[PDB]
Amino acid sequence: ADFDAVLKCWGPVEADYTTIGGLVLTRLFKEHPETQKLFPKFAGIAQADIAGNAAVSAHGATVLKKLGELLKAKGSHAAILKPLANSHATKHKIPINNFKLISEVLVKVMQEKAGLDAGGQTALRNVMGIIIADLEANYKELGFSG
């Protein structure tokens, strides 16, 4: 139910995954500057220079497309989220709390750009909580508990 609820507000996101993706990552790096260093391709770019950066926006589109895939899935969520945990724990080396931070940012960007109301915020927080708990479980299976 909460996945379908978030989709009621996803139109403006999916309309421009690149622009909205850039807003998300720009705001993540501005509000949580330690996260920028977890992206070696972006680490060191002056904050004032992130909003206009096409590579940052392209990666934000990758992120939001993956969330859209999850939301729209009729099949296994596990088939989509387990690889995501595997890569983020073992390749990218991302501490789990960062996923909470990007979720906070997404809520704000959807409030501002996608008409996310109180019920929609609930739903989105619920969906992101499901995602984060699954990532954390799969991290633990790989030996990551930090």
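In this text, residue numbers run from 1 along the sequence as written.
**OP:** Return whichever of 113-121 and 55-63 has the greater mean Cα B factor according to the PDB record.
**Re:** Mean CA B-factor is higher for 113-121.
**OP:** Using only the Cα atoms and their B-factors as the entry lists them, report which of 46-54 and 83-91 averages higher.
**Re:** Per the PDB entry, the higher value belongs to 46-54.
**OP:** Pull the Cα B-factor of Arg27 out of the PDB entry and bin it into the chain's lowest, middle or highest third.
**Re:** It belongs to the middle third of the chain when residues are ordered by C-alpha B-factor.
**OP:** Name the third of the chain's ranked CA B-factors that contains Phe144, choosing lowest, middle or highest.
**Re:** Its C-alpha B-factor, which the entry lists for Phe144, ranks in the middle third among residues of this chain.
**OP:** Sorting the chain's modelled residues by C-alpha B-factor, tell me whether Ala15 ends up in the lowest, middle or highest third.
**Re:** Its C-alpha B-factor belongs to the highest third of this chain's values.
Subject >> Third of chain Cα B-factors occupied by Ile132 >> reply: For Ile132, whose C-alpha B-factor we compare with every modelled residue in the chain, the answer is the middle third.
Subject >> Assigned third (lowest, middle, highest) for the C-alpha B factor of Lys41 >> reply: According to the entry, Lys41 has a C-alpha B-factor in the chain's lowest third.
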